[PDB]
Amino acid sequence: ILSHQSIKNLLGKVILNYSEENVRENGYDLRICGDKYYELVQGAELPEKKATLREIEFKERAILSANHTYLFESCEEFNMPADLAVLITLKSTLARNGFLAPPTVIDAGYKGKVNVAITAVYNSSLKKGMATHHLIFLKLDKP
């Protein structure tokens, strides 16, 4: 796992559209952005049928209804080298305040922004541009 300093060298290269203060002791705190966010409104029948999304204008605050999953576009764009992978964990503040999210991975070689799924246990809200996820960088044994 990469330390605060090692992650700092990734800014502008591996992690684009970053925020310096978001580089933590041992990870980077991903933020949610975008002109819009999405609310899943009808279940998926995988793998053939994806869930039905309701598009919502992401103004200053995203309003979430209890028992619904929402998709957010990350502020950050990623350019993963075949040498690194990232474990996406949830920021503790979100976990302790009633938000759910499963663990997922940004695989080596991945390019682009990432869309994260946050499920609201209660009617609640998340501020646009706030940090929601704690990224842990893992190095592959072989590229």
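All residue numbers refer to positions in the sequence shown, first residue = 1.
Just going by the entry, 89-97 versus 58-66 on mean CA temperature factor gives the higher value to 58-66. Checked against the record, the higher mean CA B factor of 6-14 and 124-132 lies with 6-14. Sorting the modelled residues of the chain by their CA temperature factor places residue 36 in the highest third. In the PDB entry, a CA B factor belonging to the lowest third of its chain's modelled residues is recorded for residue 118. The deposited CA B-factor of residue 108 belongs to the middle third of values across its chain. Annotation for residue 53: CA B-factor lies in the middle third of the chain's modelled residues. Compared with the other modelled residues of the chain, the Cα B-factor recorded for residue 30 ranks in the lowest third.
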